[PDB]
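Participant: Next comes the structure file model-v9.pdb, holding PDB, N, CA and C atoms.
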```
ATOM      1  N   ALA C   1     -27.280 -10.886 -82.845
ATOM      2  CA  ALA C   1     -26.791 -12.084 -83.513
ATOM      3  C   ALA C   1     -27.515 -13.322 -83.004
ATOM      4  N   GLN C   2     -27.730 -13.409 -81.693
ATOM      5  CA  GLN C   2     -28.481 -14.541 -81.163
ATOM      6  C   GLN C   2     -29.902 -14.555 -81.705
ATOM      7  N   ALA C   3     -30.532 -13.384 -81.784
ATOM      8  CA  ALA C   3     -31.866 -13.314 -82.363
ATOM      9  C   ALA C   3     -31.859 -13.837 -83.789
ATOM     10  N   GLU C   4     -30.838 -13.471 -84.556
ATOM     11  CA  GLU C   4     -30.744 -13.915 -85.938
ATOM     12  C   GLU C   4     -30.591 -15.425 -86.023
ATOM     13  N   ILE C   5     -29.818 -16.008 -85.114
ATOM     14  CA  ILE C   5     -29.658 -17.456 -85.103
ATOM     15  C   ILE C   5     -30.997 -18.131 -84.843
ATOM     16  N   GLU C   6     -31.712 -17.656 -83.826
ATOM     17  CA  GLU C   6     -33.002 -18.257 -83.515
ATOM     18  C   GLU C   6     -33.971 -18.117 -84.680
ATOM     19  N   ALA C   7     -33.931 -16.975 -85.369
ATOM     20  CA  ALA C   7     -34.792 -16.786 -86.525
ATOM     21  C   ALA C   7     -34.462 -17.781 -87.623
ATOM     22  N   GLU C   8     -33.177 -18.055 -87.840
ATOM     23  CA  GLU C   8     -32.827 -19.041 -88.850
ATOM     24  C   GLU C   8     -33.320 -20.424 -88.464
ATOM     25  N   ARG C   9     -33.308 -20.740 -87.171
ATOM     26  CA  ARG C   9     -33.818 -22.041 -86.749
ATOM     27  C   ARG C   9     -35.308 -22.160 -87.036
ATOM     28  N   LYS C  10     -36.082 -21.149 -86.647
ATOM     29  CA  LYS C  10     -37.508 -21.164 -86.956
ATOM     30  C   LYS C  10     -37.733 -21.338 -88.451
ATOM     31  N   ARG C  11     -37.044 -20.529 -89.254
ATOM     32  CA  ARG C  11     -37.245 -20.567 -90.694
ATOM     33  C   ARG C  11     -36.970 -21.956 -91.250
ATOM     34  N   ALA C  12     -35.910 -22.606 -90.775
ATOM     35  CA  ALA C  12     -35.585 -23.917 -91.319
ATOM     36  C   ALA C  12     -36.579 -24.978 -90.870
ATOM     37  N   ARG C  13     -37.047 -24.919 -89.623
ATOM     38  CA  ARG C  13     -38.061 -25.882 -89.215
ATOM     39  C   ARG C  13     -39.287 -25.762 -90.100
ATOM     40  N   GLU C  14     -39.703 -24.532 -90.383
ATOM     41  CA  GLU C  14     -40.899 -24.355 -91.190
ATOM     42  C   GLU C  14     -40.683 -24.874 -92.604
ATOM     43  N   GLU C  15     -39.587 -24.464 -93.244
ATOM     44  CA  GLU C  15     -39.362 -24.910 -94.610
ATOM     45  C   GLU C  15     -39.134 -26.410 -94.693
ATOM     46  N   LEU C  16     -38.879 -27.071 -93.568
ATOM     47  CA  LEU C  16     -38.814 -28.528 -93.555
ATOM     48  C   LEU C  16     -40.206 -29.144 -93.458
ATOM     49  N   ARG C  17     -41.018 -28.635 -92.532
ATOM     50  CA  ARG C  17     -42.347 -29.203 -92.401
ATOM     51  C   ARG C  17     -43.146 -29.003 -93.680
ATOM     52  N   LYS C  18     -42.807 -27.986 -94.476
ATOM     53  CA  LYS C  18     -43.469 -27.843 -95.771
ATOM     54  C   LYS C  18     -43.181 -29.033 -96.680
ATOM     55  N   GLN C  19     -41.918 -29.446 -96.771
ATOM     56  CA  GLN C  19     -41.589 -30.579 -97.626
ATOM     57  C   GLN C  19     -42.338 -31.816 -97.175
ATOM     58  N   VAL C  20     -42.355 -32.053 -95.864
ATOM     59  CA  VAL C  20     -42.989 -33.283 -95.403
ATOM     60  C   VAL C  20     -44.486 -33.233 -95.664
ATOM     61  N   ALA C  21     -45.112 -32.069 -95.501
ATOM     62  CA  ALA C  21     -46.536 -31.972 -95.806
ATOM     63  C   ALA C  21     -46.803 -32.285 -97.273
ATOM     64  N   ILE C  22     -46.004 -31.702 -98.171
ATOM     65  CA  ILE C  22     -46.196 -31.964 -99.596
ATOM     66  C   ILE C  22     -46.168 -33.461 -99.859
ATOM     67  N   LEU C  23     -45.071 -34.111 -99.467
ATOM     68  CA  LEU C  23     -44.957 -35.533 -99.752
ATOM     69  C   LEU C  23     -46.043 -36.328 -99.044
ATOM     70  N   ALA C  24     -46.480 -35.873 -97.874
ATOM     71  CA  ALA C  24     -47.489 -36.606 -97.128
ATOM     72  C   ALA C  24     -48.793 -36.663 -97.899
ATOM     73  N   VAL C  25     -49.283 -35.510 -98.356
ATOM     74  CA  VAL C  25     -50.572 -35.540 -99.043
ATOM     75  C   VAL C  25     -50.440 -36.211-100.400
ATOM     76  N   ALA C  26     -49.298 -36.060-101.075
ATOM     77  CA  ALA C  26     -49.146 -36.789-102.328
ATOM     78  C   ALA C  26     -49.199 -38.294-102.083
ATOM     79  N   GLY C  27     -48.592 -38.752-100.988
ATOM     80  CA  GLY C  27     -48.611 -40.171-100.692
ATOM     81  C   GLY C  27     -49.989 -40.660-100.294
ATOM     82  N   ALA C  28     -50.706 -39.872 -99.496
ATOM     83  CA  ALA C  28     -52.072 -40.247 -99.150
ATOM     84  C   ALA C  28     -52.925 -40.384-100.403
ATOM     85  N   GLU C  29     -52.708 -39.511-101.388
ATOM     86  CA  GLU C  29     -53.406 -39.671-102.658
ATOM     87  C   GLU C  29     -53.014 -40.976-103.336
ATOM     88  N   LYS C  30     -51.716 -41.288-103.370
ATOM     89  CA  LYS C  30     -51.308 -42.548-103.984
ATOM     90  C   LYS C  30     -51.853 -43.745-103.224
ATOM     91  N   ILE C  31     -52.203 -43.561-101.956
ATOM     92  CA  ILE C  31     -52.769 -44.646-101.168
ATOM     93  C   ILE C  31     -54.238 -44.835-101.506
ATOM     94  N   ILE C  32     -55.002 -43.743-101.501
ATOM     95  CA  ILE C  32     -56.392 -43.820-101.942
ATOM     96  C   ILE C  32     -56.465 -44.433-103.333
ATOM     97  N   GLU C  33     -55.491 -44.112-104.188
ATOM     98  CA  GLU C  33     -55.518 -44.563-105.572
ATOM     99  C   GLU C  33     -55.712 -46.068-105.707
ATOM    100  N   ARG C  34     -55.327 -46.857-104.703
ATOM    101  CA  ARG C  34     -55.460 -48.304-104.787
ATOM    102  C   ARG C  34     -56.197 -48.916-103.606
ATOM    103  N   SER C  35     -56.585 -48.121-102.612
ATOM    104  CA  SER C  35     -57.589 -48.555-101.654
ATOM    105  C   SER C  35     -58.998 -48.225-102.120
ATOM    106  N   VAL C  36     -59.133 -47.348-103.118
ATOM    107  CA  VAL C  36     -60.446 -47.047-103.666
ATOM    108  C   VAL C  36     -61.125 -48.342-104.077
ATOM    109  N   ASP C  37     -62.443 -48.379-103.910
ATOM    110  CA  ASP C  37     -63.198 -49.620-103.986
ATOM    111  C   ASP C  37     -64.668 -49.324-104.217
ATOM    112  N   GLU C  38     -65.289 -50.078-105.124
ATOM    113  CA  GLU C  38     -66.685 -49.832-105.453
ATOM    114  C   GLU C  38     -67.574 -49.907-104.220
ATOM    115  N   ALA C  39     -67.267 -50.803-103.282
ATOM    116  CA  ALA C  39     -68.086 -50.911-102.081
ATOM    117  C   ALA C  39     -67.841 -49.732-101.149
ATOM    118  N   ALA C  40     -66.576 -49.450-100.839
ATOM    119  CA  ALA C  40     -66.274 -48.291-100.007
ATOM    120  C   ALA C  40     -66.680 -46.998-100.701
ATOM    121  N   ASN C  41     -66.474 -46.919-102.015
ATOM    122  CA  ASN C  41     -66.864 -45.730-102.767
ATOM    123  C   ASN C  41     -68.371 -45.503-102.697
ATOM    124  N   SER C  42     -69.148 -46.563-102.918
ATOM    125  CA  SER C  42     -70.588 -46.456-102.761
ATOM    126  C   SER C  42     -70.953 -46.099-101.328
ATOM    127  N   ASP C  43     -70.134 -46.515-100.363
ATOM    128  CA  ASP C  43     -70.374 -46.111 -98.986
ATOM    129  C   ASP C  43     -70.137 -44.619 -98.800
ATOM    130  N   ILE C  44     -69.140 -44.066 -99.491
ATOM    131  CA  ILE C  44     -68.937 -42.619 -99.471
ATOM    132  C   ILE C  44     -70.185 -41.932 -99.986
ATOM    133  N   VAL C  45     -70.662 -42.389-101.141
ATOM    134  CA  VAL C  45     -71.861 -41.807-101.732
ATOM    135  C   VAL C  45     -73.007 -41.860-100.734
ATOM    136  N   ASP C  46     -73.218 -43.029-100.136
ATOM    137  CA  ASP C  46     -74.306 -43.187 -99.183
ATOM    138  C   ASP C  46     -74.177 -42.194 -98.043
ATOM    139  N   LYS C  47     -72.975 -42.050 -97.493
ATOM    140  CA  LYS C  47     -72.825 -41.192 -96.330
ATOM    141  C   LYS C  47     -73.037 -39.733 -96.698
ATOM    142  N   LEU C  48     -72.550 -39.314 -97.866
ATOM    143  CA  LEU C  48     -72.706 -37.912 -98.234
ATOM    144  C   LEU C  48     -74.162 -37.587 -98.538
ATOM    145  N   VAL C  49     -74.882 -38.499 -99.197
ATOM    146  CA  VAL C  49     -76.296 -38.242 -99.437
ATOM    147  C   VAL C  49     -77.064 -38.249 -98.121
ATOM    148  N   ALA C  50     -76.759 -39.200 -97.238
ATOM    149  CA  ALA C  50     -77.426 -39.238 -95.949
ATOM    150  C   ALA C  50     -77.170 -37.964 -95.161
ATOM    151  N   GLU C  51     -75.995 -37.361 -95.330
ATOM    152  CA  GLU C  51     -75.710 -36.102 -94.664
ATOM    153  C   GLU C  51     -76.306 -34.914 -95.398
ATOM    154  N   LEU C  52     -76.578 -35.054 -96.690
ATOM    155  CA  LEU C  52     -76.992 -33.935 -97.532
ATOM    156  C   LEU C  52     -78.053 -33.063 -96.876
TER     157      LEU C  52
ATOM    158  N   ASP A   1      -2.607  50.952 -62.929
ATOM    159  CA  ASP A   1      -2.478  49.510 -62.709
ATOM    160  C   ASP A   1      -3.850  48.844 -62.626
ATOM    161  N   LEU A   2      -4.894  49.631 -62.345
ATOM    162  CA  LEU A   2      -6.257  49.140 -62.495
ATOM    163  C   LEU A   2      -6.409  48.349 -63.786
ATOM    164  N   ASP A   3      -6.011  48.942 -64.909
ATOM    165  CA  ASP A   3      -6.245  48.299 -66.191
ATOM    166  C   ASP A   3      -5.193  47.256 -66.531
ATOM    167  N   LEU A   4      -4.037  47.255 -65.864
ATOM    168  CA  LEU A   4      -3.202  46.061 -65.896
ATOM    169  C   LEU A   4      -3.991  44.869 -65.384
ATOM    170  N   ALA A   5      -4.595  45.021 -64.205
ATOM    171  CA  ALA A   5      -5.406  43.938 -63.665
ATOM    172  C   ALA A   5      -6.557  43.604 -64.603
ATOM    173  N   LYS A   6      -7.275  44.624 -65.071
ATOM    174  CA  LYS A   6      -8.429  44.402 -65.937
ATOM    175  C   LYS A   6      -8.054  43.586 -67.172
ATOM    176  N   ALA A   7      -7.066  44.058 -67.931
ATOM    177  CA  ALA A   7      -6.718  43.427 -69.198
ATOM    178  C   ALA A   7      -6.131  42.042 -68.980
ATOM    179  N   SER A   8      -5.159  41.925 -68.068
ATOM    180  CA  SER A   8      -4.581  40.613 -67.828
ATOM    181  C   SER A   8      -5.645  39.625 -67.377
ATOM    182  N   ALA A   9      -6.621  40.078 -66.591
ATOM    183  CA  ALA A   9      -7.699  39.195 -66.171
ATOM    184  C   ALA A   9      -8.528  38.737 -67.361
ATOM    185  N   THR A  10      -8.914  39.669 -68.233
ATOM    186  CA  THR A  10      -9.736  39.272 -69.373
ATOM    187  C   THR A  10      -9.010  38.254 -70.240
ATOM    188  N   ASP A  11      -7.753  38.522 -70.581
ATOM    189  CA  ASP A  11      -7.058  37.573 -71.443
ATOM    190  C   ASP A  11      -6.797  36.257 -70.719
ATOM    191  N   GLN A  12      -6.636  36.292 -69.397
ATOM    192  CA  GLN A  12      -6.399  35.071 -68.643
ATOM    193  C   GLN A  12      -7.649  34.200 -68.605
ATOM    194  N   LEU A  13      -8.819  34.831 -68.496
ATOM    195  CA  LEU A  13     -10.065  34.099 -68.670
ATOM    196  C   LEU A  13     -10.149  33.501 -70.064
ATOM    197  N   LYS A  14      -9.817  34.283 -71.092
ATOM    198  CA  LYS A  14      -9.895  33.745 -72.445
ATOM    199  C   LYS A  14      -8.971  32.551 -72.618
ATOM    200  N   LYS A  15      -7.811  32.564 -71.968
ATOM    201  CA  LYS A  15      -6.914  31.425 -72.107
ATOM    202  C   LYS A  15      -7.480  30.205 -71.395
ATOM    203  N   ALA A  16      -8.074  30.401 -70.215
ATOM    204  CA  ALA A  16      -8.783  29.284 -69.600
ATOM    205  C   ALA A  16      -9.866  28.755 -70.528
ATOM    206  N   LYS A  17     -10.539  29.665 -71.223
ATOM    207  CA  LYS A  17     -11.638  29.303 -72.104
ATOM    208  C   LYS A  17     -11.137  28.471 -73.273
ATOM    209  N   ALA A  18     -10.067  28.927 -73.917
ATOM    210  CA  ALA A  18      -9.503  28.185 -75.035
ATOM    211  C   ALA A  18      -8.975  26.835 -74.579
ATOM    212  N   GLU A  19      -8.357  26.789 -73.400
ATOM    213  CA  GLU A  19      -7.851  25.520 -72.904
ATOM    214  C   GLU A  19      -8.990  24.534 -72.697
ATOM    215  N   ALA A  20     -10.142  25.019 -72.235
ATOM    216  CA  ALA A  20     -11.322  24.160 -72.199
ATOM    217  C   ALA A  20     -11.742  23.749 -73.606
ATOM    218  N   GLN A  21     -11.743  24.703 -74.536
ATOM    219  CA  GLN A  21     -12.206  24.420 -75.885
ATOM    220  C   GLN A  21     -11.355  23.366 -76.567
ATOM    221  N   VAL A  22     -10.100  23.223 -76.156
ATOM    222  CA  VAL A  22      -9.249  22.179 -76.708
ATOM    223  C   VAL A  22      -9.226  20.936 -75.829
ATOM    224  N   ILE A  23      -9.581  21.054 -74.551
ATOM    225  CA  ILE A  23      -9.812  19.868 -73.738
ATOM    226  C   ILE A  23     -11.020  19.106 -74.256
ATOM    227  N   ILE A  24     -11.940  19.810 -74.914
ATOM    228  CA  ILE A  24     -13.141  19.159 -75.431
ATOM    229  C   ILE A  24     -12.849  18.373 -76.709
ATOM    230  N   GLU A  25     -11.947  18.889 -77.539
ATOM    231  CA  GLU A  25     -11.750  18.309 -78.890
ATOM    232  C   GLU A  25     -11.090  16.949 -78.743
ATOM    233  N   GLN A  26     -10.124  16.866 -77.837
ATOM    234  CA  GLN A  26      -9.488  15.557 -77.581
ATOM    235  C   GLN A  26     -10.609  14.627 -77.123
ATOM    236  N   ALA A  27     -11.545  15.128 -76.312
ATOM    237  CA  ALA A  27     -12.615  14.261 -75.774
ATOM    238  C   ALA A  27     -13.441  13.705 -76.926
ATOM    239  N   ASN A  28     -13.834  14.582 -77.849
ATOM    240  CA  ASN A  28     -14.687  14.135 -78.971
ATOM    241  C   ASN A  28     -13.908  13.080 -79.749
ATOM    242  N   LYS A  29     -12.635  13.340 -80.015
ATOM    243  CA  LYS A  29     -11.881  12.380 -80.847
ATOM    244  C   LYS A  29     -11.747  11.039 -80.131
ATOM    245  N   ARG A  30     -11.429  11.060 -78.846
ATOM    246  CA  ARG A  30     -11.209   9.791 -78.115
ATOM    247  C   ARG A  30     -12.514   9.008 -78.185
ATOM    248  N   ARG A  31     -13.636   9.702 -78.019
ATOM    249  CA  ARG A  31     -14.924   9.002 -78.195
ATOM    250  C   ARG A  31     -14.864   8.320 -79.558
ATOM    251  N   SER A  32     -14.554   9.064 -80.624
ATOM    252  CA  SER A  32     -14.624   8.407 -81.926
ATOM    253  C   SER A  32     -13.715   7.188 -81.969
ATOM    254  N   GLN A  33     -12.535   7.297 -81.365
ATOM    255  CA  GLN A  33     -11.604   6.178 -81.344
ATOM    256  C   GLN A  33     -12.258   4.963 -80.704
ATOM    257  N   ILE A  34     -12.682   5.112 -79.451
ATOM    258  CA  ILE A  34     -13.145   3.962 -78.694
ATOM    259  C   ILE A  34     -14.462   3.440 -79.254
ATOM    260  N   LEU A  35     -15.322   4.324 -79.762
ATOM    261  CA  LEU A  35     -16.596   3.853 -80.285
ATOM    262  C   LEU A  35     -16.407   3.086 -81.586
ATOM    263  N   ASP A  36     -15.501   3.535 -82.458
ATOM    264  CA  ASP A  36     -15.265   2.746 -83.656
ATOM    265  C   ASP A  36     -14.565   1.440 -83.317
ATOM    266  N   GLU A  37     -13.736   1.433 -82.271
ATOM    267  CA  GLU A  37     -13.195   0.165 -81.802
ATOM    268  C   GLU A  37     -14.314  -0.791 -81.420
ATOM    269  N   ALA A  38     -15.313  -0.290 -80.692
ATOM    270  CA  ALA A  38     -16.436  -1.137 -80.307
ATOM    271  C   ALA A  38     -17.223  -1.600 -81.525
ATOM    272  N   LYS A  39     -17.364  -0.738 -82.529
ATOM    273  CA  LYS A  39     -18.074  -1.128 -83.742
ATOM    274  C   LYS A  39     -17.335  -2.245 -84.464
ATOM    275  N   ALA A  40     -16.021  -2.091 -84.624
ATOM    276  CA  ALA A  40     -15.228  -3.134 -85.259
ATOM    277  C   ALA A  40     -15.352  -4.445 -84.500
ATOM    278  N   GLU A  41     -15.098  -4.419 -83.194
ATOM    279  CA  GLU A  41     -15.160  -5.653 -82.428
ATOM    280  C   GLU A  41     -16.569  -6.209 -82.332
ATOM    281  N   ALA A  42     -17.583  -5.430 -82.697
ATOM    282  CA  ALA A  42     -18.940  -5.950 -82.728
ATOM    283  C   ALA A  42     -19.220  -6.668 -84.038
ATOM    284  N   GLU A  43     -18.913  -6.017 -85.158
ATOM    285  CA  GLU A  43     -19.131  -6.658 -86.447
ATOM    286  C   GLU A  43     -18.263  -7.899 -86.588
ATOM    287  N   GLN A  44     -16.974  -7.776 -86.275
ATOM    288  CA  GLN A  44     -16.064  -8.898 -86.432
ATOM    289  C   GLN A  44     -16.489 -10.075 -85.570
ATOM    290  N   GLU A  45     -17.181  -9.811 -84.466
ATOM    291  CA  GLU A  45     -17.682 -10.899 -83.644
ATOM    292  C   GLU A  45     -18.940 -11.500 -84.252
ATOM    293  N   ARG A  46     -19.952 -10.663 -84.485
ATOM    294  CA  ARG A  46     -21.206 -11.140 -85.051
ATOM    295  C   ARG A  46     -20.950 -12.012 -86.269
ATOM    296  N   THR A  47     -20.134 -11.518 -87.197
ATOM    297  CA  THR A  47     -19.940 -12.200 -88.467
ATOM    298  C   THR A  47     -19.164 -13.501 -88.348
ATOM    299  N   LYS A  48     -18.796 -13.942 -87.146
ATOM    300  CA  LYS A  48     -18.262 -15.281 -86.977
ATOM    301  C   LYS A  48     -19.046 -16.126 -85.989
ATOM    302  N   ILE A  49     -19.671 -15.525 -84.978
ATOM    303  CA  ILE A  49     -20.628 -16.289 -84.187
ATOM    304  C   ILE A  49     -21.735 -16.812 -85.089
ATOM    305  N   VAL A  50     -22.193 -15.980 -86.027
ATOM    306  CA  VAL A  50     -23.268 -16.418 -86.900
ATOM    307  C   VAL A  50     -22.761 -17.456 -87.886
ATOM    308  N   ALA A  51     -21.533 -17.311 -88.378
ATOM    309  CA  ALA A  51     -21.010 -18.340 -89.267
ATOM    310  C   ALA A  51     -20.942 -19.688 -88.560
ATOM    311  N   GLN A  52     -20.455 -19.688 -87.320
ATOM    312  CA  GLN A  52     -20.437 -20.892 -86.500
ATOM    313  C   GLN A  52     -21.823 -21.524 -86.436
TER     314      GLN A  52
END
```
Output the file's structure in the form of structure tokens.
Facilitator:
Amino acid sequence: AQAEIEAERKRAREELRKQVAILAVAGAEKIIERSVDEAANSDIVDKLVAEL
Amino acid sequence: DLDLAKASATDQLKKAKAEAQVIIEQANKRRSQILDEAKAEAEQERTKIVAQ
């Protein structure tokens, strides 16, 4: 029974960190959506070509 | 009287034997009693420690 309790704790921690990860990356996308910028964007292009 | 001793001895051994054979049956049953008691008190415990 104690093993089962500990297993439920692990399971719930994991299924929680999943929710936060989902919302986290969706929010980071919504952040890029309005920090995107022709100058910074062209800088991305420059860096990727320079690394190419 | 030789065979008085012989016969009474044989049947007296058999009675000791049967008395053992029935001393065993009570033993098997008592095991079942106490072991099912332990099973009950195990399930009834688990199913509320876990609910807690």
Participant: Counting all atoms listed in the file, what are the residues of chain C within 8 Å of chain A, and for each of them which pair of atoms is the nearest and at what distance in Å, to one decimal? Sort the table by chain and rising number, as a Markdown table.
Facilitator:
```
| residue | atom | partner | partner_atom | distance |
| --- | --- | --- | --- | --- |
| C:1 | CA | A:46 | CA | 5.9 |
| C:2 | N | A:50 | N | 7.5 |
| C:4 | C | A:50 | CA | 7.4 |
| C:5 | CA | A:50 | CA | 6.7 |
```
Participant: Please, what is the axis-aligned box for every listed atom of range 28-46 of chain C with 8 Å on each side, as centre and edge lengths in Å to one decimal, as lines of an AutoDock Vina configuration file?
Facilitator:
```
center_x = -62.5
center_y = -45.2
center_z = -101.9
size_x = 39.6
size_y = 27.4
size_z = 23.7
```
Participant: Mind pulling up the distance from atom C of residue 26 in chain A to atom N of residue 38 in chain A?
Facilitator: 16.0 Å
Participant: Report, in Å to a single decimal, how far apart CA of residue 48 in chain C and CA of residue 36 in chain C are.
Facilitator: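 So the answer is 16.2 Å.
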Participant: Could you work out how far CA of residue 28 in chain C lies from CA of residue 41 in chain C, giving the answer in Å with one decimal?
Facilitator: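 Answer for the CA of residue 41 in chain C to CA of residue 28 in chain C separation: 16.2 Å.
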Participant: Would you mind completing range 8-30 of chain C to N, CA, C and O atoms and writing the output as a short mmCIF file (atom, residue, chain, number, x, y, z; two decimals), in the coordinates of the input?
Facilitator:
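Saved as out-v6.cif:
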```
data_model
loop_
_atom_site.label_atom_id
_atom_site.label_comp_id
_atom_site.auth_asym_id
_atom_site.auth_seq_id
_atom_site.Cartn_x
_atom_site.Cartn_y
_atom_site.Cartn_z
N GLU C 8 -33.18 -18.06 -87.84
CA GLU C 8 -32.83 -19.04 -88.85
C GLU C 8 -33.32 -20.42 -88.46
O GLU C 8 -33.75 -21.20 -89.33
N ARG C 9 -33.31 -20.74 -87.17
CA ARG C 9 -33.82 -22.04 -86.75
C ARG C 9 -35.31 -22.16 -87.04
O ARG C 9 -35.77 -23.17 -87.59
N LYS C 10 -36.08 -21.15 -86.65
CA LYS C 10 -37.51 -21.16 -86.96
C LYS C 10 -37.73 -21.34 -88.45
O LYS C 10 -38.53 -22.19 -88.89
N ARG C 11 -37.04 -20.53 -89.25
CA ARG C 11 -37.24 -20.57 -90.69
C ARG C 11 -36.97 -21.96 -91.25
O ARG C 11 -37.72 -22.46 -92.09
N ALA C 12 -35.91 -22.61 -90.78
CA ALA C 12 -35.58 -23.92 -91.32
C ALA C 12 -36.58 -24.98 -90.87
O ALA C 12 -36.96 -25.84 -91.67
N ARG C 13 -37.05 -24.92 -89.62
CA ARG C 13 -38.06 -25.88 -89.22
C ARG C 13 -39.29 -25.76 -90.10
O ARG C 13 -39.86 -26.77 -90.54
N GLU C 14 -39.70 -24.53 -90.38
CA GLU C 14 -40.90 -24.36 -91.19
C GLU C 14 -40.68 -24.87 -92.60
O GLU C 14 -41.50 -25.64 -93.13
N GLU C 15 -39.59 -24.46 -93.24
CA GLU C 15 -39.36 -24.91 -94.61
C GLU C 15 -39.13 -26.41 -94.69
O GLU C 15 -39.19 -26.97 -95.79
N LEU C 16 -38.88 -27.07 -93.57
CA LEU C 16 -38.81 -28.53 -93.56
C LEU C 16 -40.21 -29.14 -93.46
O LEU C 16 -40.55 -30.08 -94.20
N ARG C 17 -41.02 -28.64 -92.53
CA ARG C 17 -42.35 -29.20 -92.40
C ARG C 17 -43.15 -29.00 -93.68
O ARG C 17 -44.04 -29.80 -93.97
N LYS C 18 -42.81 -27.99 -94.48
CA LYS C 18 -43.47 -27.84 -95.77
C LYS C 18 -43.18 -29.03 -96.68
O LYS C 18 -44.10 -29.58 -97.30
N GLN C 19 -41.92 -29.45 -96.77
CA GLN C 19 -41.59 -30.58 -97.63
C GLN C 19 -42.34 -31.82 -97.18
O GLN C 19 -42.89 -32.56 -98.00
N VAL C 20 -42.36 -32.05 -95.86
CA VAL C 20 -42.99 -33.28 -95.40
C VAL C 20 -44.49 -33.23 -95.66
O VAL C 20 -45.09 -34.24 -96.03
N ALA C 21 -45.11 -32.07 -95.50
CA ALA C 21 -46.54 -31.97 -95.81
C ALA C 21 -46.80 -32.28 -97.27
O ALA C 21 -47.74 -33.03 -97.61
N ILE C 22 -46.00 -31.70 -98.17
CA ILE C 22 -46.20 -31.96 -99.60
C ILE C 22 -46.17 -33.46 -99.86
O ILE C 22 -47.12 -34.04 -100.40
N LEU C 23 -45.07 -34.11 -99.47
CA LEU C 23 -44.96 -35.53 -99.75
C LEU C 23 -46.04 -36.33 -99.04
O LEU C 23 -46.51 -37.34 -99.58
N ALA C 24 -46.48 -35.87 -97.87
CA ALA C 24 -47.49 -36.61 -97.13
C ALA C 24 -48.79 -36.66 -97.90
O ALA C 24 -49.37 -37.74 -98.08
N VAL C 25 -49.28 -35.51 -98.36
CA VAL C 25 -50.57 -35.54 -99.04
C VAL C 25 -50.44 -36.21 -100.40
O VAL C 25 -51.36 -36.92 -100.84
N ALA C 26 -49.30 -36.06 -101.08
CA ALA C 26 -49.15 -36.79 -102.33
C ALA C 26 -49.20 -38.29 -102.08
O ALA C 26 -49.84 -39.04 -102.84
N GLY C 27 -48.59 -38.75 -100.99
CA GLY C 27 -48.61 -40.17 -100.69
C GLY C 27 -49.99 -40.66 -100.29
O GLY C 27 -50.41 -41.75 -100.68
N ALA C 28 -50.71 -39.87 -99.50
CA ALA C 28 -52.07 -40.25 -99.15
C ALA C 28 -52.92 -40.38 -100.40
O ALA C 28 -53.78 -41.27 -100.49
N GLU C 29 -52.71 -39.51 -101.39
CA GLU C 29 -53.41 -39.67 -102.66
C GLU C 29 -53.01 -40.98 -103.34
O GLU C 29 -53.88 -41.71 -103.84
N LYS C 30 -51.72 -41.29 -103.37
CA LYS C 30 -51.31 -42.55 -103.98
C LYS C 30 -51.85 -43.74 -103.22
O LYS C 30 -51.95 -44.84 -103.79
#
```
